[PDB]
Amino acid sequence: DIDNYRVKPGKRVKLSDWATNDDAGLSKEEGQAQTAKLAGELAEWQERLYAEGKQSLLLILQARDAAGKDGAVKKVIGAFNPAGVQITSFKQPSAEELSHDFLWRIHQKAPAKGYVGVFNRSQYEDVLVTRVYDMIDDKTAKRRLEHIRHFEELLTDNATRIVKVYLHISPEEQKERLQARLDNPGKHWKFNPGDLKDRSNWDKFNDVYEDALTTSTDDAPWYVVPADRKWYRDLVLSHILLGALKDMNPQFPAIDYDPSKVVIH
């Protein structure tokens, strides 16, 4: 069921293979209730992840503007204890970052053992906007996708469990959400009219997003998450993360004392 959103290995896909506005037959109220119940489970499993200190989880969120990366971090990553989470929001590369290979700044933020890392935007930006606006060509993009895959294989072998999530919104949904930034004086700061050129290039972005999804493997899957309904985005992401953590199955560590014997004065 959630697995219907997993990009299966070894076959290219089209973003239009998935609807942008699924609800799995649930009411918003039912979905939000389930999300709240999942939050408690996410917290217990993340506490076990940290206590164990042998494994880590890396969620990569990659999506167009207004698709809900920020909201998903707030609502779903907010279920975890913030002491066991590292969030990085990757913005335009600095001069220093540009003077290195494109994974230098990405690798530095990979999570330590016991932690959940979150990448709001990621190494995939280096094969997304860069291709649409012709800063790299297809041969370079192919090389970078291979290097991305090798990087993910390296983290997997380090017991970093990788989950990549594409938040799938329709162009009309994006347009409503952007218009809502223009209409709210508290949100103008968040709206850049120069960014509207990206909408003119919507299909070109589909094209390069579809190539990014080709790094989906059994060990490092991409999920296409219908995100027009923000509550359903949060519900599906909660299941994805909880499924990952249950499969990682981190255990509380052995202790070197007998608790029944301890006397607190």
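All residue numbers refer to positions in the sequence shown, first residue = 1.
When the two stretches 48-56 and 192-200 are set side by side, the higher mean Cα temperature factor goes to 192-200. 169-177 and 183-191 differ in mean CA B-factor, and the higher of the two is recorded for 183-191. As recorded in the PDB entry, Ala33 shows the highest C-alpha B-factor of the residues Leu61, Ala67, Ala33, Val224. Remark: of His150, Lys113, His107, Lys139, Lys139 shows the highest value [criterion: C-alpha B-factor in the PDB entry]. In this PDB entry, the Cα temperature factor of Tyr124 sits in the bottom third of its chain's modelled residues, the lowest group.
Ranked by C-alpha B-factor against the other modelled residues of its chain, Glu97 falls in the middle third.
In the PDB entry, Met135 places in the highest third of its chain by CA B-factor. Ranked by C-alpha B-factor against the other modelled residues of its chain, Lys74 falls in the highest third.
When the modelled residues of the chain are ordered by their C-alpha B factor, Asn206 lands in the middle third.
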